[PDB]
file final09.pdb (PDB, N, CA and C atoms (P, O5', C5', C4', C3', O3' and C1' of nucleotides))
MODEL        1
ATOM      1  N   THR S 521     -35.723 -10.580  10.086
ATOM      2  CA  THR S 521     -35.899  -9.219  10.579
ATOM      3  C   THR S 521     -36.959  -9.205  11.677
ATOM      4  N   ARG S 522     -36.628  -8.640  12.839
ATOM      5  CA  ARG S 522     -37.583  -8.615  13.939
ATOM      6  C   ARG S 522     -38.745  -7.682  13.610
ATOM      7  N   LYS S 523     -39.884  -7.953  14.238
ATOM      8  CA  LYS S 523     -41.147  -7.315  13.897
ATOM      9  C   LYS S 523     -41.757  -6.671  15.134
ATOM     10  N   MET S 524     -42.169  -5.413  15.004
ATOM     11  CA  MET S 524     -42.762  -4.701  16.126
ATOM     12  C   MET S 524     -44.120  -5.300  16.483
ATOM     13  N   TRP S 525     -44.415  -5.340  17.780
ATOM     14  CA  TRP S 525     -45.703  -5.836  18.246
ATOM     15  C   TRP S 525     -46.798  -4.832  17.907
ATOM     16  N   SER S 526     -47.825  -5.289  17.194
ATOM     17  CA  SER S 526     -48.945  -4.422  16.865
ATOM     18  C   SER S 526     -49.830  -4.214  18.092
ATOM     19  N   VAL S 527     -50.715  -3.217  18.002
ATOM     20  CA  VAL S 527     -51.625  -2.948  19.110
ATOM     21  C   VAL S 527     -52.627  -4.085  19.267
ATOM     22  N   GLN S 528     -52.989  -4.749  18.166
ATOM     23  CA  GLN S 528     -53.859  -5.916  18.264
ATOM     24  C   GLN S 528     -53.128  -7.092  18.897
ATOM     25  N   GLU S 529     -51.874  -7.321  18.495
ATOM     26  CA  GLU S 529     -51.075  -8.370  19.118
ATOM     27  C   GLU S 529     -50.888  -8.104  20.606
ATOM     28  N   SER S 530     -50.683  -6.838  20.977
ATOM     29  CA  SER S 530     -50.523  -6.494  22.386
ATOM     30  C   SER S 530     -51.812  -6.740  23.159
ATOM     31  N   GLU S 531     -52.950  -6.329  22.592
ATOM     32  CA  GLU S 531     -54.228  -6.503  23.276
ATOM     33  C   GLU S 531     -54.574  -7.975  23.461
ATOM     34  N   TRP S 532     -54.185  -8.828  22.510
ATOM     35  CA  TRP S 532     -54.378 -10.264  22.686
ATOM     36  C   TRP S 532     -53.663 -10.763  23.935
ATOM     37  N   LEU S 533     -52.467 -10.234  24.206
ATOM     38  CA  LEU S 533     -51.684 -10.707  25.344
ATOM     39  C   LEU S 533     -52.308 -10.278  26.667
ATOM     40  N   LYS S 534     -52.905  -9.083  26.717
ATOM     41  CA  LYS S 534     -53.565  -8.651  27.945
ATOM     42  C   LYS S 534     -54.778  -9.524  28.246
ATOM     43  N   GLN S 535     -55.640  -9.736  27.249
ATOM     44  CA  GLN S 535     -56.810 -10.582  27.458
ATOM     45  C   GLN S 535     -56.412 -12.020  27.764
ATOM     46  N   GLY S 536     -55.293 -12.485  27.204
ATOM     47  CA  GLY S 536     -54.813 -13.815  27.538
ATOM     48  C   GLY S 536     -54.379 -13.930  28.986
ATOM     49  N   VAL S 537     -53.687 -12.908  29.497
ATOM     50  CA  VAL S 537     -53.300 -12.903  30.903
ATOM     51  C   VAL S 537     -54.534 -12.823  31.794
ATOM     52  N   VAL S 538     -55.547 -12.067  31.366
ATOM     53  CA  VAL S 538     -56.777 -11.966  32.146
ATOM     54  C   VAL S 538     -57.519 -13.297  32.155
ATOM     55  N   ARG S 539     -57.614 -13.954  30.994
ATOM     56  CA  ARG S 539     -58.400 -15.180  30.895
ATOM     57  C   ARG S 539     -57.705 -16.368  31.549
ATOM     58  N   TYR S 540     -56.371 -16.416  31.513
ATOM     59  CA  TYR S 540     -55.647 -17.608  31.937
ATOM     60  C   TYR S 540     -54.560 -17.365  32.975
ATOM     61  N   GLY S 541     -54.253 -16.120  33.315
ATOM     62  CA  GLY S 541     -53.246 -15.841  34.315
ATOM     63  C   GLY S 541     -51.856 -15.680  33.723
ATOM     64  N   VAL S 542     -51.014 -14.951  34.457
ATOM     65  CA  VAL S 542     -49.639 -14.744  34.027
ATOM     66  C   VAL S 542     -48.864 -16.052  34.145
ATOM     67  N   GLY S 543     -47.843 -16.202  33.302
ATOM     68  CA  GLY S 543     -47.048 -17.406  33.259
ATOM     69  C   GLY S 543     -47.593 -18.505  32.371
ATOM     70  N   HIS S 544     -48.873 -18.447  32.006
ATOM     71  CA  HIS S 544     -49.472 -19.442  31.115
ATOM     72  C   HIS S 544     -49.293 -19.019  29.656
ATOM     73  N   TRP S 545     -48.025 -18.909  29.253
ATOM     74  CA  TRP S 545     -47.712 -18.326  27.952
ATOM     75  C   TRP S 545     -48.133 -19.238  26.807
ATOM     76  N   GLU S 546     -47.875 -20.542  26.925
ATOM     77  CA  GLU S 546     -48.262 -21.456  25.854
ATOM     78  C   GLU S 546     -49.777 -21.616  25.774
ATOM     79  N   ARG S 547     -50.476 -21.494  26.905
ATOM     80  CA  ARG S 547     -51.934 -21.540  26.869
ATOM     81  C   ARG S 547     -52.507 -20.280  26.229
ATOM     82  N   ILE S 548     -51.894 -19.124  26.500
ATOM     83  CA  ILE S 548     -52.354 -17.880  25.894
ATOM     84  C   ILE S 548     -52.072 -17.872  24.396
ATOM     85  N   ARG S 549     -50.965 -18.487  23.972
ATOM     86  CA  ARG S 549     -50.614 -18.487  22.555
ATOM     87  C   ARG S 549     -51.614 -19.292  21.734
ATOM     88  N   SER S 550     -52.133 -20.385  22.295
ATOM     89  CA  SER S 550     -53.097 -21.209  21.578
ATOM     90  C   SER S 550     -54.493 -20.602  21.560
ATOM     91  N   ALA S 551     -54.784 -19.668  22.466
ATOM     92  CA  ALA S 551     -56.108 -19.063  22.539
ATOM     93  C   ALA S 551     -56.300 -17.922  21.550
ATOM     94  N   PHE S 552     -55.226 -17.401  20.965
ATOM     95  CA  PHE S 552     -55.284 -16.299  20.019
ATOM     96  C   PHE S 552     -54.454 -16.630  18.787
ATOM     97  N   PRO S 553     -54.831 -16.100  17.621
ATOM     98  CA  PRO S 553     -54.092 -16.421  16.379
ATOM     99  C   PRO S 553     -52.785 -15.647  16.255
ATOM    100  N   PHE S 554     -51.803 -16.037  17.065
ATOM    101  CA  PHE S 554     -50.489 -15.400  17.054
ATOM    102  C   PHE S 554     -49.669 -15.966  15.902
ATOM    103  N   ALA S 555     -49.426 -15.149  14.881
ATOM    104  CA  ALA S 555     -48.646 -15.556  13.718
ATOM    105  C   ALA S 555     -47.208 -15.085  13.904
ATOM    106  N   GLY S 556     -46.288 -16.036  14.042
ATOM    107  CA  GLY S 556     -44.884 -15.700  14.170
ATOM    108  C   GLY S 556     -44.449 -15.284  15.556
ATOM    109  N   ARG S 557     -45.150 -15.738  16.592
ATOM    110  CA  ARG S 557     -44.794 -15.431  17.971
ATOM    111  C   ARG S 557     -44.791 -16.717  18.781
ATOM    112  N   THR S 558     -43.716 -16.939  19.530
ATOM    113  CA  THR S 558     -43.605 -18.083  20.421
ATOM    114  C   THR S 558     -44.024 -17.688  21.831
ATOM    115  N   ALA S 559     -44.185 -18.702  22.686
ATOM    116  CA  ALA S 559     -44.540 -18.438  24.076
ATOM    117  C   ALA S 559     -43.463 -17.626  24.783
ATOM    118  N   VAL S 560     -42.198 -17.799  24.389
ATOM    119  CA  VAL S 560     -41.127 -16.991  24.964
ATOM    120  C   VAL S 560     -41.251 -15.542  24.508
ATOM    121  N   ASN S 561     -41.598 -15.327  23.234
ATOM    122  CA  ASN S 561     -41.866 -13.971  22.764
ATOM    123  C   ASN S 561     -42.986 -13.324  23.570
ATOM    124  N   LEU S 562     -44.034 -14.091  23.886
ATOM    125  CA  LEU S 562     -45.124 -13.560  24.697
ATOM    126  C   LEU S 562     -44.646 -13.206  26.100
ATOM    127  N   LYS S 563     -43.784 -14.043  26.683
ATOM    128  CA  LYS S 563     -43.261 -13.751  28.014
ATOM    129  C   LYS S 563     -42.388 -12.503  28.001
ATOM    130  N   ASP S 564     -41.556 -12.350  26.968
ATOM    131  CA  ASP S 564     -40.711 -11.165  26.863
ATOM    132  C   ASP S 564     -41.544  -9.915  26.609
ATOM    133  N   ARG S 565     -42.563 -10.021  25.751
ATOM    134  CA  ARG S 565     -43.396  -8.863  25.443
ATOM    135  C   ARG S 565     -44.153  -8.385  26.675
ATOM    136  N   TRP S 566     -44.594  -9.316  27.523
ATOM    137  CA  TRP S 566     -45.315  -8.929  28.732
ATOM    138  C   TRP S 566     -44.415  -8.143  29.676
ATOM    139  N   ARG S 567     -43.195  -8.638  29.905
ATOM    140  CA  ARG S 567     -42.231  -7.894  30.709
ATOM    141  C   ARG S 567     -41.990  -6.507  30.127
ATOM    142  N   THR S 568     -41.891  -6.416  28.799
ATOM    143  CA  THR S 568     -41.798  -5.115  28.146
ATOM    144  C   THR S 568     -43.033  -4.268  28.426
ATOM    145  N   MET S 569     -44.206  -4.902  28.496
ATOM    146  CA  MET S 569     -45.446  -4.149  28.642
ATOM    147  C   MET S 569     -45.628  -3.615  30.059
ATOM    148  N   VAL S 570     -45.199  -4.370  31.075
ATOM    149  CA  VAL S 570     -45.343  -3.885  32.444
ATOM    150  C   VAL S 570     -44.352  -2.769  32.753
ATOM    151  N   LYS S 571     -43.213  -2.721  32.058
ATOM    152  CA  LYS S 571     -42.294  -1.605  32.251
ATOM    153  C   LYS S 571     -42.892  -0.318  31.700
ATOM    154  N   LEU S 572     -43.358  -0.352  30.450
ATOM    155  CA  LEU S 572     -44.086   0.774  29.881
ATOM    156  C   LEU S 572     -45.464   0.945  30.505
ATOM    157  N   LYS S 573     -45.883   0.011  31.362
ATOM    158  CA  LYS S 573     -47.157   0.066  32.072
ATOM    159  C   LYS S 573     -48.332   0.115  31.102
ATOM    160  N   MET S 574     -48.719  -1.044  30.575
ATOM    161  CA  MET S 574     -49.842  -1.138  29.648
ATOM    162  C   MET S 574     -50.848  -2.190  30.110
TER     163      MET S 574
ATOM    164  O5'  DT T   1     -43.711 -26.483  26.610
ATOM    165  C5'  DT T   1     -44.484 -26.690  27.786
ATOM    166  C4'  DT T   1     -43.989 -25.804  28.914
ATOM    167  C3'  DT T   1     -43.856 -24.321  28.553
ATOM    168  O3'  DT T   1     -44.791 -23.546  29.293
ATOM    169  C1'  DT T   1     -41.942 -25.129  29.762
ATOM    170  P    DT T   2     -44.928 -21.966  29.022
ATOM    171  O5'  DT T   2     -44.140 -21.301  30.243
ATOM    172  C5'  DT T   2     -44.530 -21.599  31.577
ATOM    173  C4'  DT T   2     -43.521 -21.063  32.578
ATOM    174  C3'  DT T   2     -43.292 -19.553  32.529
ATOM    175  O3'  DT T   2     -43.194 -19.048  33.851
ATOM    176  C1'  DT T   2     -41.239 -20.672  32.272
ATOM    177  P    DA T   3     -43.131 -17.466  34.125
ATOM    178  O5'  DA T   3     -41.704 -17.261  34.807
ATOM    179  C5'  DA T   3     -41.373 -17.982  35.985
ATOM    180  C4'  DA T   3     -39.984 -17.612  36.471
ATOM    181  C3'  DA T   3     -39.700 -16.118  36.527
ATOM    182  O3'  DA T   3     -38.887 -15.823  37.646
ATOM    183  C1'  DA T   3     -38.284 -17.161  34.903
ATOM    184  P    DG T   4     -38.719 -14.306  38.139
ATOM    185  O5'  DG T   4     -37.270 -13.906  37.609
ATOM    186  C5'  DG T   4     -36.158 -14.722  37.940
ATOM    187  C4'  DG T   4     -34.970 -14.403  37.057
ATOM    188  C3'  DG T   4     -34.724 -12.910  36.801
ATOM    189  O3'  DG T   4     -33.343 -12.638  36.943
ATOM    190  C1'  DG T   4     -34.740 -14.075  34.783
ATOM    191  P    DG T   5     -32.836 -11.182  37.387
ATOM    192  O5'  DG T   5     -31.367 -11.095  36.758
ATOM    193  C5'  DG T   5     -30.488 -12.210  36.854
ATOM    194  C4'  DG T   5     -29.820 -12.490  35.519
ATOM    195  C3'  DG T   5     -29.133 -11.282  34.872
ATOM    196  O3'  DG T   5     -27.767 -11.578  34.617
ATOM    197  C1'  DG T   5     -30.489 -12.433  33.300
ATOM    198  P    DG T   6     -26.808 -10.469  33.957
ATOM    199  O5'  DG T   6     -26.836 -10.823  32.399
ATOM    200  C5'  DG T   6     -26.346 -12.081  31.954
ATOM    201  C4'  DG T   6     -26.482 -12.213  30.448
ATOM    202  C3'  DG T   6     -25.800 -11.105  29.638
ATOM    203  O3'  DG T   6     -24.988 -11.681  28.621
ATOM    204  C1'  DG T   6     -28.052 -11.369  28.950
ATOM    205  P    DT T   7     -24.159 -10.744  27.612
ATOM    206  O5'  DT T   7     -25.062 -10.723  26.293
ATOM    207  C5'  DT T   7     -25.450 -11.951  25.690
ATOM    208  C4'  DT T   7     -26.155 -11.716  24.366
ATOM    209  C3'  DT T   7     -25.473 -10.714  23.433
ATOM    210  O3'  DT T   7     -25.423 -11.251  22.117
ATOM    211  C1'  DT T   7     -27.736 -10.102  23.769
ATOM    212  P    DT T   8     -24.693 -10.447  20.935
ATOM    213  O5'  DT T   8     -25.900  -9.733  20.171
ATOM    214  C5'  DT T   8     -26.890 -10.524  19.526
ATOM    215  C4'  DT T   8     -27.947  -9.651  18.873
ATOM    216  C3'  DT T   8     -27.412  -8.584  17.917
ATOM    217  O3'  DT T   8     -28.309  -8.434  16.829
ATOM    218  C1'  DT T   8     -28.682  -7.555  19.577
ATOM    219  P    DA T   9     -27.809  -8.669  15.321
ATOM    220  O5'  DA T   9     -28.988  -8.065  14.425
ATOM    221  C5'  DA T   9     -30.341  -8.268  14.795
ATOM    222  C4'  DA T   9     -31.127  -6.961  14.784
ATOM    223  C3'  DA T   9     -30.765  -5.965  13.678
ATOM    224  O3'  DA T   9     -31.941  -5.225  13.297
ATOM    225  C1'  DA T   9     -30.435  -4.950  15.740
ATOM    226  P    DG T  10     -32.842  -5.681  12.042
ATOM    227  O5'  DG T  10     -33.937  -4.519  11.925
ATOM    228  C5'  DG T  10     -35.031  -4.496  12.833
ATOM    229  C4'  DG T  10     -35.201  -3.124  13.452
ATOM    230  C3'  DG T  10     -35.158  -1.964  12.452
ATOM    231  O3'  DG T  10     -36.161  -1.014  12.770
ATOM    232  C1'  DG T  10     -33.664  -1.574  14.181
ATOM    233  P    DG T  11     -37.614  -1.108  12.099
ATOM    234  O5'  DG T  11     -38.455   0.027  12.858
ATOM    235  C5'  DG T  11     -38.854  -0.175  14.217
ATOM    236  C4'  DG T  11     -38.437   0.992  15.099
ATOM    237  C3'  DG T  11     -38.813   2.379  14.574
ATOM    238  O3'  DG T  11     -39.119   3.221  15.666
ATOM    239  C1'  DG T  11     -36.510   2.288  14.890
ATOM    240  P    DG T  12     -40.582   3.861  15.817
ATOM    241  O5'  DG T  12     -40.388   4.961  16.962
ATOM    242  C5'  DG T  12     -39.919   4.571  18.250
ATOM    243  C4'  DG T  12     -38.986   5.622  18.834
ATOM    244  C3'  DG T  12     -39.400   7.071  18.591
ATOM    245  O3'  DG T  12     -39.128   7.853  19.749
ATOM    246  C1'  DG T  12     -37.249   6.702  17.681
TER     247       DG T  12
ATOM    248  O5'  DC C   1     -23.911   6.936  13.172
ATOM    249  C5'  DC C   1     -23.709   6.391  14.472
ATOM    250  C4'  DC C   1     -24.218   7.339  15.543
ATOM    251  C3'  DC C   1     -24.229   6.766  16.946
ATOM    252  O3'  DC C   1     -24.177   7.818  17.900
ATOM    253  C1'  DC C   1     -26.454   6.996  16.176
ATOM    254  P    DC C   2     -23.564   7.547  19.360
ATOM    255  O5'  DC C   2     -24.688   6.674  20.093
ATOM    256  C5'  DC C   2     -25.943   7.262  20.413
ATOM    257  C4'  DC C   2     -26.944   6.211  20.862
ATOM    258  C3'  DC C   2     -26.369   5.075  21.718
ATOM    259  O3'  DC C   2     -27.276   4.769  22.764
ATOM    260  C1'  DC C   2     -27.534   4.177  19.910
ATOM    261  P    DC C   3     -26.970   5.222  24.275
ATOM    262  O5'  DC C   3     -28.386   5.080  25.006
ATOM    263  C5'  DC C   3     -29.425   6.009  24.718
ATOM    264  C4'  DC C   3     -30.719   5.296  24.349
ATOM    265  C3'  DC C   3     -31.237   4.297  25.383
ATOM    266  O3'  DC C   3     -32.646   4.431  25.501
ATOM    267  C1'  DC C   3     -30.995   3.223  23.299
ATOM    268  P    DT C   4     -33.402   3.930  26.824
ATOM    269  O5'  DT C   4     -34.368   2.776  26.287
ATOM    270  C5'  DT C   4     -35.214   3.029  25.174
ATOM    271  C4'  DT C   4     -35.571   1.740  24.457
ATOM    272  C3'  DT C   4     -36.079   0.615  25.362
ATOM    273  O3'  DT C   4     -37.176  -0.035  24.740
ATOM    274  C1'  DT C   4     -34.297  -0.164  24.060
ATOM    275  P    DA C   5     -38.514  -0.353  25.569
ATOM    276  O5'  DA C   5     -39.438  -1.105  24.504
ATOM    277  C5'  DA C   5     -39.492  -0.641  23.160
ATOM    278  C4'  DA C   5     -39.207  -1.773  22.185
ATOM    279  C3'  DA C   5     -39.953  -3.076  22.461
ATOM    280  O3'  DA C   5     -40.343  -3.672  21.228
ATOM    281  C1'  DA C   5     -37.619  -3.470  22.537
ATOM    282  P    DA C   6     -41.294  -4.966  21.208
ATOM    283  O5'  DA C   6     -40.371  -6.102  20.561
ATOM    284  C5'  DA C   6     -39.941  -5.973  19.211
ATOM    285  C4'  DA C   6     -38.777  -6.900  18.915
ATOM    286  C3'  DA C   6     -39.085  -8.393  19.037
ATOM    287  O3'  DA C   6     -38.465  -9.102  17.971
ATOM    288  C1'  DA C   6     -37.264  -7.840  20.429
ATOM    289  P    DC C   7     -39.056 -10.514  17.476
ATOM    290  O5'  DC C   7     -37.789 -11.486  17.497
ATOM    291  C5'  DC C   7     -37.429 -12.153  18.696
ATOM    292  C4'  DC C   7     -35.957 -11.956  19.003
ATOM    293  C3'  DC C   7     -35.285 -13.154  19.646
ATOM    294  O3'  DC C   7     -34.770 -14.011  18.639
ATOM    295  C1'  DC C   7     -34.691 -11.130  20.788
ATOM    296  P    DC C   8     -34.547 -15.571  18.946
ATOM    297  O5'  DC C   8     -33.367 -15.587  20.027
ATOM    298  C5'  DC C   8     -32.055 -15.185  19.653
ATOM    299  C4'  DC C   8     -31.086 -15.363  20.807
ATOM    300  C3'  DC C   8     -30.927 -16.802  21.300
ATOM    301  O3'  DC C   8     -29.556 -17.080  21.528
ATOM    302  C1'  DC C   8     -31.529 -15.401  23.101
ATOM    303  P    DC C   9     -29.039 -18.596  21.656
ATOM    304  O5'  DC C   9     -28.771 -18.776  23.222
ATOM    305  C5'  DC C   9     -27.867 -17.909  23.894
ATOM    306  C4'  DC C   9     -27.822 -18.217  25.383
ATOM    307  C3'  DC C   9     -27.851 -19.706  25.742
ATOM    308  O3'  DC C   9     -26.900 -19.971  26.767
ATOM    309  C1'  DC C   9     -29.589 -18.576  26.870
ATOM    310  P    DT C  10     -26.452 -21.480  27.089
ATOM    311  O5'  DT C  10     -27.355 -21.885  28.348
ATOM    312  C5'  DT C  10     -27.222 -21.176  29.570
ATOM    313  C4'  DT C  10     -28.312 -21.571  30.553
ATOM    314  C3'  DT C  10     -28.598 -23.079  30.646
ATOM    315  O3'  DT C  10     -28.687 -23.458  32.006
ATOM    316  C1'  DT C  10     -30.592 -21.899  30.369
ATOM    317  P    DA C  11     -27.703 -24.572  32.610
ATOM    318  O5'  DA C  11     -27.926 -24.438  34.187
ATOM    319  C5'  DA C  11     -27.871 -23.155  34.802
ATOM    320  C4'  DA C  11     -29.120 -22.895  35.629
ATOM    321  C3'  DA C  11     -29.579 -24.068  36.492
ATOM    322  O3'  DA C  11     -29.966 -23.602  37.775
ATOM    323  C1'  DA C  11     -31.338 -23.393  35.061
ATOM    324  P    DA C  12     -30.156 -24.641  38.985
ATOM    325  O5'  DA C  12     -31.701 -25.035  38.913
ATOM    326  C5'  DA C  12     -32.696 -24.037  39.088
ATOM    327  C4'  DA C  12     -34.079 -24.631  38.922
ATOM    328  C3'  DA C  12     -34.249 -26.039  39.502
ATOM    329  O3'  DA C  12     -35.455 -26.112  40.249
ATOM    330  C1'  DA C  12     -34.963 -25.998  37.260
TER     331       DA C  12
ENDMDL
END

call {"tool": "encode", "arguments": {"input": "final09.pdb", "output": "structure tokens"}}
result
Amino acid sequence: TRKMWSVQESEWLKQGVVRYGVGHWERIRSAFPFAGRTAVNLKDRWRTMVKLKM
DNA sequence: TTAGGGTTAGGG
DNA sequence: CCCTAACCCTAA
């Protein structure tokens, strides 16, 4: 069953993009305790986030 | 391993 | 429901 991204999970992705740049999905995943999220999930979530503008 | 188009299932 | 966010597919 798919799982909605929490606000904490979302905030981790913003700080990861700030600290390491966009496209560095596997580097951002190792910098935060992402449980059950792959680097592709992070890439998809970011595209989702820029559409909703977050 | 990531980018970008495509797929799907669950929540608004 | 059914739209869209969370998924998948794959070239390079």

call {"tool": "interface_residues", "arguments": {"input": "final09.pdb", "of": "chain T", "to": "chain S", "cutoff": "6 Å", "atoms": "all atoms listed in the file", "output": "JSON, numbers by chain"}}
result
{"T": [1, 2, 3, 9, 10]}

call {"tool": "resolve_selection", "arguments": {"input": "final09.pdb", "expression": "the PyMOL selection byres ((chain C and resi 9) around 7)", "output": "number ranges by chain"}}
result
T: 7; C: 8, 10

call {"tool": "interface_residues", "arguments": {"input": "final09.pdb", "of": "chain S", "to": "chain C", "cutoff": "8 Å", "atoms": "only N, CA and C atoms (P, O5', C5', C4', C3', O3' and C1' of nucleotides)", "output": "PyMOL selection string"}}
result
chain S and resi 521-526+556-558+560-561+564-565+568-569+571-572

call {"tool": "atom_distance", "arguments": {"input": "final09.pdb", "atom1": "atom CA of residue 532 of chain S", "atom2": "atom CA of residue 552 of chain S"}}
result
6.7 Å

call {"tool": "atom_distance", "arguments": {"input": "final09.pdb", "atom1": "atom C of residue 540 of chain S", "atom2": "atom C4' of residue 5 of chain T"}}
result
25.3 Å

call {"tool": "axis_aligned_box", "arguments": {"input": "final09.pdb", "around": "segment 1-9 of chain T", "padding_each_side": "3 Å", "output": "lines of an AutoDock Vina configuration file"}}
result
center_x = -34.5
center_y = -15.8
center_z = 25.7
size_x = 26.8
size_y = 27.7
size_z = 30.8

call {"tool": "atom_distance", "arguments": {"input": "final09.pdb", "atom1": "atom N of residue 535 of chain S", "atom2": "atom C1' of residue 8 of chain T"}}
result
28.1 Å

call {"tool": "select_by_dssp", "arguments": {"input": "final09.pdb", "residues": "chain S", "states": "alpha helix (DSSP H)", "output": "ChimeraX atom specification"}}
result
/S:527-540,545-551,559-571

call {"tool": "decode", "arguments": {"input": "final09.pdb", "residues": "chain C", "atoms": "N, CA, C and O atoms (P, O5', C5', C4', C3', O3' and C1' of nucleotides)", "output": "mmCIF file, in the first residue's frame"}}
result
data_model
loop_
_atom_site.group_PDB
_atom_site.id
_atom_site.type_symbol
_atom_site.label_atom_id
_atom_site.label_comp_id
_atom_site.auth_asym_id
_atom_site.auth_seq_id
_atom_site.Cartn_x
_atom_site.Cartn_y
_atom_site.Cartn_z
ATOM 1 O "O5'" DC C 1 -18.061 5.015 -7.752
ATOM 2 C "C5'" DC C 1 -17.295 5.440 -8.874
ATOM 3 C "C4'" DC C 1 -17.447 6.934 -9.100
ATOM 4 C "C3'" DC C 1 -16.517 7.516 -10.147
ATOM 5 O "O3'" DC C 1 -17.071 8.714 -10.674
ATOM 6 C "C1'" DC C 1 -15.849 8.261 -8.003
ATOM 7 P P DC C 2 -16.676 9.196 -12.155
ATOM 8 O "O5'" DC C 2 -15.174 9.727 -11.999
ATOM 9 C "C5'" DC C 2 -14.914 10.900 -11.235
ATOM 10 C "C4'" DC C 2 -13.425 11.083 -10.999
ATOM 11 C "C3'" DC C 2 -12.517 10.694 -12.174
ATOM 12 O "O3'" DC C 2 -11.474 11.647 -12.296
ATOM 13 C "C1'" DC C 2 -11.815 9.589 -10.245
ATOM 14 P P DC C 3 -11.490 12.733 -13.481
ATOM 15 O "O5'" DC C 3 -10.429 13.829 -13.001
ATOM 16 C "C5'" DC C 3 -10.752 14.698 -11.921
ATOM 17 C "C4'" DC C 3 -9.658 14.694 -10.861
ATOM 18 C "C3'" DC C 3 -8.257 15.045 -11.361
ATOM 19 O "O3'" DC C 3 -7.624 15.901 -10.421
ATOM 20 C "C1'" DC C 3 -8.206 12.957 -10.269
ATOM 21 P P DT C 4 -6.408 16.846 -10.873
ATOM 22 O "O5'" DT C 4 -5.179 16.314 -10.000
ATOM 23 C "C5'" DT C 4 -5.330 16.162 -8.595
ATOM 24 C "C4'" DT C 4 -4.356 15.133 -8.051
ATOM 25 C "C3'" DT C 4 -2.901 15.323 -8.489
ATOM 26 O "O3'" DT C 4 -2.040 15.093 -7.386
ATOM 27 C "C1'" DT C 4 -3.595 13.143 -8.981
ATOM 28 P P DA C 5 -0.845 16.114 -7.056
ATOM 29 O "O5'" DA C 5 -0.135 15.452 -5.787
ATOM 30 C "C5'" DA C 5 -0.924 14.877 -4.752
ATOM 31 C "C4'" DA C 5 -0.481 13.452 -4.462
ATOM 32 C "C3'" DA C 5 1.026 13.251 -4.326
ATOM 33 O "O3'" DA C 5 1.290 12.304 -3.297
ATOM 34 C "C1'" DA C 5 0.205 11.908 -6.096
ATOM 35 P P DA C 6 2.794 12.020 -2.811
ATOM 36 O "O5'" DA C 6 3.031 10.485 -3.199
ATOM 37 C "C5'" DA C 6 2.266 9.472 -2.556
ATOM 38 C "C4'" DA C 6 2.332 8.165 -3.324
ATOM 39 C "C3'" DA C 6 3.723 7.537 -3.423
ATOM 40 O "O3'" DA C 6 3.630 6.128 -3.242
ATOM 41 C "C1'" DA C 6 2.834 7.847 -5.585
ATOM 42 P P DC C 7 4.892 5.289 -2.704
ATOM 43 O "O5'" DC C 7 5.048 4.109 -3.769
ATOM 44 C "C5'" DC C 7 5.800 4.320 -4.953
ATOM 45 C "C4'" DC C 7 5.010 3.898 -6.177
ATOM 46 C "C3'" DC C 7 5.849 3.288 -7.284
ATOM 47 O "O3'" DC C 7 5.947 1.884 -7.091
ATOM 48 C "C1'" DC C 7 4.308 4.897 -8.172
ATOM 49 P P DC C 8 7.187 1.072 -7.705
ATOM 50 O "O5'" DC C 8 6.971 1.173 -9.288
ATOM 51 C "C5'" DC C 8 5.871 0.508 -9.898
ATOM 52 C "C4'" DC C 8 5.914 0.669 -11.407
ATOM 53 C "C3'" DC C 8 7.151 0.078 -12.084
ATOM 54 O "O3'" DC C 8 6.767 -0.619 -13.257
ATOM 55 C "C1'" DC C 8 6.924 2.351 -12.675
ATOM 56 P P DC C 9 7.767 -1.669 -13.949
ATOM 57 O "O5'" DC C 9 8.296 -0.894 -15.244
ATOM 58 C "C5'" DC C 9 7.373 -0.410 -16.211
ATOM 59 C "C4'" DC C 9 8.091 0.353 -17.314
ATOM 60 C "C3'" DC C 9 9.418 -0.260 -17.775
ATOM 61 O "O3'" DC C 9 9.495 -0.225 -19.195
ATOM 62 C "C1'" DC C 9 9.750 1.989 -17.139
ATOM 63 P P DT C 10 10.589 -1.110 -19.970
ATOM 64 O "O5'" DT C 10 11.780 -0.079 -20.258
ATOM 65 C "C5'" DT C 10 11.550 1.054 -21.082
ATOM 66 C "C4'" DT C 10 12.734 2.005 -21.046
ATOM 67 C "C3'" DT C 10 14.116 1.339 -21.143
ATOM 68 O "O3'" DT C 10 14.915 2.044 -22.074
ATOM 69 C "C1'" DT C 10 14.071 2.835 -19.354
ATOM 70 P P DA C 11 15.518 1.300 -23.362
ATOM 71 O "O5'" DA C 11 16.043 2.509 -24.266
ATOM 72 C "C5'" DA C 11 15.190 3.619 -24.527
ATOM 73 C "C4'" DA C 11 15.877 4.927 -24.168
ATOM 74 C "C3'" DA C 11 17.333 5.038 -24.620
ATOM 75 O "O3'" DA C 11 17.576 6.329 -25.154
ATOM 76 C "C1'" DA C 11 17.193 5.380 -22.283
ATOM 77 P P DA C 12 18.904 6.608 -26.014
ATOM 78 O "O5'" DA C 12 19.965 7.105 -24.930
ATOM 79 C "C5'" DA C 12 19.718 8.290 -24.188
ATOM 80 C "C4'" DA C 12 20.828 8.531 -23.186
ATOM 81 C "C3'" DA C 12 22.233 8.178 -23.685
ATOM 82 O "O3'" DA C 12 23.140 9.221 -23.355
ATOM 83 C "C1'" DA C 12 21.814 7.108 -21.631
#
